[PDB]
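Just the one chain here, the form deposited in one PDB entry, laid out as structure tokens.
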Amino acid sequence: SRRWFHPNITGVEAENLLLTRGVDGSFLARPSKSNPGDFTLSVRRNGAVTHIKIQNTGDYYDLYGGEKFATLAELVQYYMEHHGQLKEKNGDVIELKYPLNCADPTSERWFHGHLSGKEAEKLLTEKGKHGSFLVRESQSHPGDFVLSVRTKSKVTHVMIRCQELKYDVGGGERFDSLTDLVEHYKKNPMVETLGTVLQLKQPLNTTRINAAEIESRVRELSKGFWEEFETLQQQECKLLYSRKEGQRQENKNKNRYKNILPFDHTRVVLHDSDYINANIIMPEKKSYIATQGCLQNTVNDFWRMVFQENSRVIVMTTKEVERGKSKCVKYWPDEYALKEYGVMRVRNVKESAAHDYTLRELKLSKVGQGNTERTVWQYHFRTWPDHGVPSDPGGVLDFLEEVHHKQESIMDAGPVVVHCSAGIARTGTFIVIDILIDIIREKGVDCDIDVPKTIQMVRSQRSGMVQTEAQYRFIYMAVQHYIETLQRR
């Protein structure tokens, strides 16, 4: 987990922590209380503490005096090692040496706080498998905690004693935080005298729901969304995969933002150089490619990729110059016009304007070979607001239904190409919504969906997909809308 992240702390307290149990080079990150959605990097230097603003533009994380990033975890990783170059406007170096770990277990998946043993047993019974576990506060002995584990099946309760600030299960080693304890016993499982192993394989799932009762869950979260989202973020340390190819000198100018790079193990490798800032996304039979908006020097690469991957549908989530900002170089010809882009040729056959989007029917082929020609349908979503999300998800739902049918009607088509600015925020929101609806569309409303687990899966294929709580909520709203305007049928 992001040990260096402190969820319910204030600027003043954060100083006290670093001034008492931190040294020079000590750091932590916290949500900003002054700014909804923003964050702060409290660093200790020269016996004193600075607070560096980390803003979430809605598309990425912007570090004042630093770079832009897809996740906080990738941010800290970047300054904690290779290219440790964090400076003040004076030009002096701020070093991140020692993560100051948080004892507060609140946004841990396994932590349920105030909860009864009868309630906990219920959950573990019908939401659990071998290895499911959770940690609640003891109703019985206050200050202590109970670990409850599921393993012809049983549930087992182990007391966790809190003595003089440390935690122990009644013997052995005494830990500093409940997170320390849990990690230890995940790795070093408690055993019974009668020979049962108390395995801790995965926290008990509290986010999976049945699509039918989506309305009841949205009710609860709206009463929350914030907790669920934060718990999702606390998992991004499990996703720090290699992005070495994107860091090659030759590939640097091929990225819209230098530190927002494709994971090596899912990047699109261009044959016939080989680099593009794009990742294949496969749900765990429609697949996706998530990519940044084009750069003037990457347009030929965009079409190479489209041709190579056999994509027949493109989804463009950014509108034509939103206001005073380049979010994508125009990479398609004017209507009726025909253009070459390196070895690739594109004719714009026709444009249909809908209310929420524009459709361009494009003909793509390699130069020299007429036989390689295929129609690519570019779906250009136009009404996404400059700030936040659409008030109503209907326009988005309608847009995806059309994309889905187009894709479904074209035999043996490759991945649907989805892109926005950096290719992680709206790109992430559309893809997840589409994956969720796909599941419902195929399996009906008596099916299990887990929004956060779905985002996690996708985030293991491209960095930091889905950026904001608003996007998180909107995904929920979108799915609820689909369910409702479906049951009425």
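Numbers follow the displayed sequence, beginning with 1.
Chemist: Between residue 151 and residue 152, what class does the number of missing deposited residues fall in: none, 1 to 3, 4 to 9, or 10 or more?
Modeler: The entry leaves 10 or more residues without coordinates here.
Chemist: Which fits the stretch between residue 223 and residue 224: none, 1 to 3, 4 to 9, or 10 or more deposited residues lacking coordinates?
Modeler: The entry has 10 or more unmodelled residues between residue 223 and residue 224.
Chemist: Taking only the CA atoms, which stretch has the higher mean B-factor in the record, 417-425 or 42-50?
Modeler: Averaged over C-alpha atoms, the B-factors run higher in 42-50.
Chemist: What stretch has the higher average Cα B-factor here, 28-36 or 439-447?
Modeler: Going by the record's values, the stretch with the higher mean is 439-447.
Chemist: If you compare 101, 231, 139, 292, which has the highest Cα B-factor in the entry?
Modeler: Of the options given, 139 has the highest CA B-factor in the PDB entry.
Chemist: Checking the entry, which one of 262, 117, 385, 393 has the top C-alpha B factor?
Modeler: In the PDB entry, the greatest C-alpha B-factor among 262, 117, 385, 393 is found at 117.
Chemist: Please rank the C-alpha B-factors of the chain's modelled residues and tell me whether residue 58 sits in the lowest, middle or highest third.
Modeler: Middle third of the chain for residue 58's C-alpha B-factor.
Chemist: Among all modelled residues of this chain, ranked by Cα B factor, put residue 466 in the bottom, middle or top third, i.e. lowest, middle or highest.
Modeler: Its C-alpha B-factor belongs to the lowest third of this chain's values.
Chemist: Split into thirds by Cα B-factor across the chain's modelled residues, where does residue 175 land: lowest, middle or highest?
Modeler: Its C-alpha B-factor, which the entry lists for residue 175, ranks in the highest third among residues of this chain.
Chemist: Taking the values exactly as deposited, rank residue 245 by C-alpha B-factor within its chain and report the matching third: lowest, middle or highest.
Modeler: For residue 245, whose C-alpha B-factor we compare with every modelled residue in the chain, the answer is the middle third.
Chemist: Ordered by C-alpha B-factor within the chain, which third holds residue 94? Give me lowest, middle or highest, please.
Modeler: CA B-factor rank for residue 94: highest third.
Here the subject shifts to the form solved in complex with a small molecule, a form of this protein not shown in this document.
Chemist: Closest heavy atom of residue 247 to the small molecule in the deposited complex, within 4.5 Å or not?
Modeler: Judged by the heavy-atom cut-off of 4.5 Å, residue 247 is in contact with the small molecule in the deposited complex.
Chemist: Report whether the minimum heavy atom distance between residue 259 and the small molecule in the deposited complex is within 4.5 Å.
Modeler: Residue 259 belongs to the contact set for the small molecule.
Chemist: Is residue 404 near the small molecule? Define near as a heavy atom within 4.5 Å, in the deposited complex.
Modeler: Residue-level check for residue 404: no, no contact with the small molecule.
Chemist: Is there a non-hydrogen atom of residue 343 within 4.5 angstroms of a non-hydrogen atom of the small molecule in the deposited complex?
Modeler: It does not: once the small molecule is placed as it appears in the deposited complex, residue 343 has no heavy atom within 4.5 Å of it.
Chemist: Answer with one of 243, 201, 363, 166: the residue that has a non-hydrogen atom within 4.5 Å of the small molecule in the deposited complex.
Modeler: Here the answer is residue option 243.
Chemist: Just to be sure I understand the contacts: of 325, 219, 130, 82, which is the one whose heavy atoms reach within 4.5 angstroms of the small molecule in the deposited complex?
Modeler: Contact check passes for 82.
Chemist: Heavy atoms within 4.5 Å of the small molecule in the deposited complex: which stretch in 154-162, 73-81, 171-179, 293-301 meets that?
Modeler: The contacting stretch is 73-81.
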